[PDB]
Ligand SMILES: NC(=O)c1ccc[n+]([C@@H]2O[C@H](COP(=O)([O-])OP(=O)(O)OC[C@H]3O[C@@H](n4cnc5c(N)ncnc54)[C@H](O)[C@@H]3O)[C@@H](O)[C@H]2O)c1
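Listed next as structure tokens is one chain, alone, in the form solved without nicotinamide-adenine-dinucleotide (NAD).
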């Protein structure tokens, strides 16, 4: 009988706030009949990673019969500067690493759908750049086609969000960046945008530690030369180097900036009392659960996502869940959508909307021109954007706990703890 389903659809509709709206019907269909206006940009995402027991299907069955090897338009972000479509590729993250040619093919199919619904630029979110030669494998295949929207890794806007987060975690921590020992764990695409931008827009730190794998020794040595001769960093520069896990010199840092794609390299239980942690990674370079545990028990650290932006005006999100997956889902999973901060938007996805509104913000393929992120940073300030409030995945750091941290590990107070004697 059909009474439970019509009431369940009444619950999500009568709970649609002014800024979060579920829609049970296909966004693609609604767009084609004229009930959904076109978008100015889009962002591509994947279905995370497959649990054998989150879903009752096999991984191969999901790809073939649930996703049907087709991109799925799942969200719309309505902002004061345009509309962004969120399009899920019919793949998990491990599928994109094991077959790059297939990943490129399904991306191009999604680029064509993105053009139909109006997108002029398309962001590659998450680990998609890492698996597609940072966009280069896609650009080679699009060749001389001009019918498709232009791609972007968005990492210049992501780098701006990380520096905005560095600015915000220091303020809320009651600390000054010029007296921090900043450690960078992994200098990859985003890290190559954060480090130059940080030195141009924020006060220079007292000390900088560059940490990456052994293979990049001379690469870090030349980045060290960039610091002293291009950006004029006059402080101390240490070169940390690790295999599998961070070296024990990174725990001497008071601000840790993570930009690796390898998870759990940083032991959250070994950072000293008072450490600030900004990490743009999915998954994060530390155990989030142990970090929430340590923060709740001791109010010992400040830690946050680095790639999230906060809009000065709220954003209306329209959400269409995959119907066959919506049934297997529970009420607690749906609450995560309704309880999302309507001011927040990821820097990566937002970058595509920025390119469609400002022609001076050119799309990025490959890793290059870290300095250009300054233009992203300045425009985000002109629009009164800041970093997202301190949070990590599902967990928001309560203001009172942040206050307790600020009262005990602020400036002039860090030096009076045991591990800083």
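Under this definition, the rigid core comprises the largest set of C-alpha atoms superposing within 1.5 Å between the forms. Numbering follows the first chain given and starts at 1.
FYI, the form deposited with nicotinamide-adenine-dinucleotide (NAD) bound isn't displayed, but the following is about it.
Novice: Tell me, which of 346, 103, 111, 182 has a heavy atom within 4.5 angstroms of nicotinamide-adenine-dinucleotide (NAD) in the entry with it bound?
Specialist: Only one option qualifies, and that one is 346.
Novice: Within 4.5 Å of nicotinamide-adenine-dinucleotide (NAD) in the entry with it bound, heavy atoms considered, which of 254, 281, 318, 304?
Specialist: Exactly one residue meets the criterion: 281.
Novice: Heavy atoms, 4.5 Å, nicotinamide-adenine-dinucleotide (NAD) in the entry with it bound: which of 123-131, 329-337, 227-235, 295-303 makes the cut? Say which one.
Specialist: Of the options, only 123-131 has residues within 4.5 Å of the partner.
Novice: Determine whether any heavy atom of residue 262 comes within 4.5 Å of a heavy atom of nicotinamide-adenine-dinucleotide (NAD) in the entry with it bound, and answer yes or no.
Specialist: It does: once nicotinamide-adenine-dinucleotide (NAD) is placed as it appears in the entry with it bound, residue 262 has a heavy atom within 4.5 Å of it.
Novice: Might residue 216 be said to contact nicotinamide-adenine-dinucleotide (NAD) in the entry with it bound, defining contact as any heavy atom within 4.5 Å?
Specialist: Yes, residue 216 lies within 4.5 Å of nicotinamide-adenine-dinucleotide (NAD) in the entry with it bound.
Novice: Can you check whether residue 275 is within 4.5 Å of nicotinamide-adenine-dinucleotide (NAD) in the entry with it bound, heavy atom basis?
Specialist: Taking the distances in the entry with it bound, the answer for residue 275 is no, it never comes within 4.5 Å of nicotinamide-adenine-dinucleotide (NAD).
Novice: Applying a 4.5 Å heavy atom distance criterion, does residue 243 contact nicotinamide-adenine-dinucleotide (NAD) in the entry with it bound?
Specialist: Residue 243 belongs to the contact set for nicotinamide-adenine-dinucleotide (NAD).
Novice: Considering only 140-165, what residues come within 4.5 Å of nicotinamide-adenine-dinucleotide (NAD) in the entry with it bound, judged by heavy atoms?
Specialist: 155, 158 sit within 4.5 Å of the partner.
Novice: Given a cut-off of 2 Å on Cα movement between the shown form and the other one, rigid core as reference, pick the single residue from 270, 333, 340, 178 that exceeds or meets it.
Specialist: Just 333.
Novice: Would residue 57 count as moving between the shown form and the other one, using a Cα shift of 2 angstroms or more after superposing the core as the test?
Specialist: Yes, residue 57 moves 2 Å or more.
Novice: Are residue 284 and residue 332 closer or farther apart at the Cα level in the entry with it bound than shown, by 3 Å or more?
Specialist: Those two alpha carbons end up farther apart in the entry with it bound.
Novice: Quick one: with a 3 Å or larger change, is the residue 333 to residue 113 CA distance smaller or larger in the entry with it bound? Answer closer or farther.
Specialist: Distance between the C-alphas of residue 333 and residue 113: longer in the entry with it bound, by 3 Å or more.
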